[PDB]
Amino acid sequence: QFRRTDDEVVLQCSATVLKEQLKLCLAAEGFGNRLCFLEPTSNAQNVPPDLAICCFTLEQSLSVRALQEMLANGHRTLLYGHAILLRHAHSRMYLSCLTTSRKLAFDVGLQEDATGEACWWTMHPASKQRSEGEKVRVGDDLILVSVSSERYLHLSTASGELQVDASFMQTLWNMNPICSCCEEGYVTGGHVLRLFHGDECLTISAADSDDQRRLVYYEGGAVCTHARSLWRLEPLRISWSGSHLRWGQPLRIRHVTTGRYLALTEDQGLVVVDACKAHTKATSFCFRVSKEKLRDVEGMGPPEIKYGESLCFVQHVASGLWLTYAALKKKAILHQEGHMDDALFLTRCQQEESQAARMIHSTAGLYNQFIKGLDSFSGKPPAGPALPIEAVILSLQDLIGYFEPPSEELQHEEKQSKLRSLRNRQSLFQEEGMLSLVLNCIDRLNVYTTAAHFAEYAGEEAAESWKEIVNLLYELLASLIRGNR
């Protein structure tokens, strides 16, 4: 009931939309975009929210005396009046108050390093029900104050869209628990993992495949180490979603890089589906101890399912159909009776790989839309929606540093270990067709002789970044191909 450090939390606030309360979570991508935005979580029943980038970890919780002291030089409970540090689970960046605007208001984004006063936030009570120095409890409304700027974490409404900023105005914030202390080696929600059969694991086809990437297979060999075989387990509850998985408990199974949802469909059968089409009935699965006929807690719950050691039959909830195969790669199907050997076991993905899979997802989506912007005005000299110039430049810069080789001056032992990581990071991107993706940007950009020629077909404003983006694309291309052996 108390909040302790190292808890995983989301910062939730609420807003009234056409006479109804939409709940919203604080979210940022980090790479390609530092700025926070708000993720609607109210329509979960029909459209699963992008929860992965909403998760923060409570790194440290400090007093004024404690904070002022650290700036000059395991489970502490959160007390009102404490300053907290929130690390972004995906980007490993810290929630901070920036120095940019759009009113006298700062932006709320992510910071590369927990340096200076900018990434610290003090907590204050919503009412006379709680007081400064008291344990911060579940369900409490919080006011959060930027240490650097003395401003409040604030929900904004301008002109029409929901947004976050730092304002002189105040916003009531709920800090919802995702997960707490976890039983070692047990499956919890929000874990990214692979599902093994028997070696063979559950996957979708590789990039630019005739599939359109919609179909599910059991495949062997190299896939088992490729990003396409990774899934995120998502229970149908925003709070305590990161709690232990329980047999028979319904969940959604999300493909990380593609961002689509394992589903049973009327026409196609067992497939992978867009977030928007992922309604509960279509997309709810559970693990079953066996295929025999056959109230939710508020904590981490009982640990039931062990990584590697537990064999699980996957079942579609609405239909009671079994996840099985058709009689190397085999097609995954849903079948009334299935096969005597349907039971899968689960292996937890590691953080570096897991992070990389998500980075692929964002990058693919970003550059794909940047391409759609170019295709739109190819023969037209605009109505075409603004190109994500600002985001592309940062996305490019971020990946370049991400793939940068280690300094030659580093010791041999450290070099070797750092090189293996680099090579593997590269490997994952390459297998997802990031090279072709970068190449298409270059090819479509290069149709143009210069900036002015580009400007003829695109805004003069867009043209000011054409040489930079082309140079950044080549640099990334080079960084991806480099052998680093």
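Position 1 is the first residue in the sequence shown; the rest follow in order.
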Scan the PDB entry between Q411 and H412 and report the missing deposited residues as one of none, 1 to 3, 4 to 9, 10 or more.
none
Unresolved deposited residues in the interval that joins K128 and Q129:
none
Per the entry, higher mean C-alpha B factor between 421 to 429 and 445 to 453:
445 to 453
With reference to the PDB entry, specify whether the mean Cα temperature factor is higher for 354 to 362 or for 147 to 155.
147 to 155
Which listed residue, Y80, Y402, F285, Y218, has the largest C-alpha temperature factor in the record?
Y80
Residue, from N33, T41, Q60, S436, that the PDB entry assigns the highest Cα B-factor
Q60
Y367: CA temperature factor from the record, placed by chain third, in the middle
Test of reading the entry: by CA B factor among the chain's modelled residues, which third contains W247?
lowest
What third of the chain, by the recorded C-alpha B-factor, contains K277?
middle
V47: CA temperature factor from the record, placed by chain third, in the middle
So where's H316 on the chain's Cα temperature factor ranking, which third?
lowest
